[PDB]
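Only one chain is shown below, in structure tokens, and it's the form deposited in one PDB entry.
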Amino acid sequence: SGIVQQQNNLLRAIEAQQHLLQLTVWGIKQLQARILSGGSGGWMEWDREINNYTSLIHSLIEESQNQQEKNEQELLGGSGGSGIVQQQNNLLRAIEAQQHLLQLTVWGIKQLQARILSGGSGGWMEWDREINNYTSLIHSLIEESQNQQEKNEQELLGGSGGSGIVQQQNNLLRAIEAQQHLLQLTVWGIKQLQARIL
């Protein structure tokens, strides 16, 4: 349905992934109050950094929403390759912030799991691998998106960069897909811990 409209869907995916993630954060805090005694072992910092990246992503989503309206208002002017490219930068930044949050939730689930369950049963060894795999995959897609972004910002000045833009849509989409797998892995982990200890 056109790049601007697809951008709207990526943004909506990102926002819905952030609500899902905040639900995982809630799950983790419930587990943390049963299993741990205070902010030792990195937990005070975990709480602080959950809050800091949440506030950053809220702010990136608000900026992407405003850029989205602007791009939609100017669809008939034809001219905004730079608006589309700007929105690609915004979405990438949001994805990166989401990924920091995801890595914090992964770390939390791991720290809690280590205290109450062996790492060697119940799907946990596969979980560890899948977490590692998707984290590597997401990092690779983020790196590729950063490189594509720099390239697109260059091509737009010259002849044109329509192909680079479509490729970047693909990059961002795949990153969001991979992050959804990671999110689903974190939901699984939380449910195992909840079944065990609550």
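All residue numbers are counted from 1 along the displayed sequence. Rigid core here is just the name for the largest C-alpha set that superposes within 1.5 Å across the two forms. Only residues modelled in both forms are compared.
What comes next is about the form deposited in another entry, which does not appear here.
Once both forms are overlaid on the rigid core, the distance between the two CA positions of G161 between the shown form and the other one is 2 angstroms or more. The Cα shift for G123 between the shown form and the other one, taken after rigid core superposition, is smaller than 2 angstroms.
Once both forms are fitted on their rigid core, the CA atom of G83 lies less than 2 Å apart between the shown form and the other one. Note: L156-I61 Cα separation is 3 Å or more longer in the other form than here. A shift of at least 3 angstroms pushes the Cα atoms of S160 and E150 further from each other in the other form than in the displayed structure.
Mapped along the sequence, displacements between the shown form and the other one of 2 angstroms or more at every C-alpha, sustained over at least 3 residues after core alignment, occur at 76-81, 156-162.
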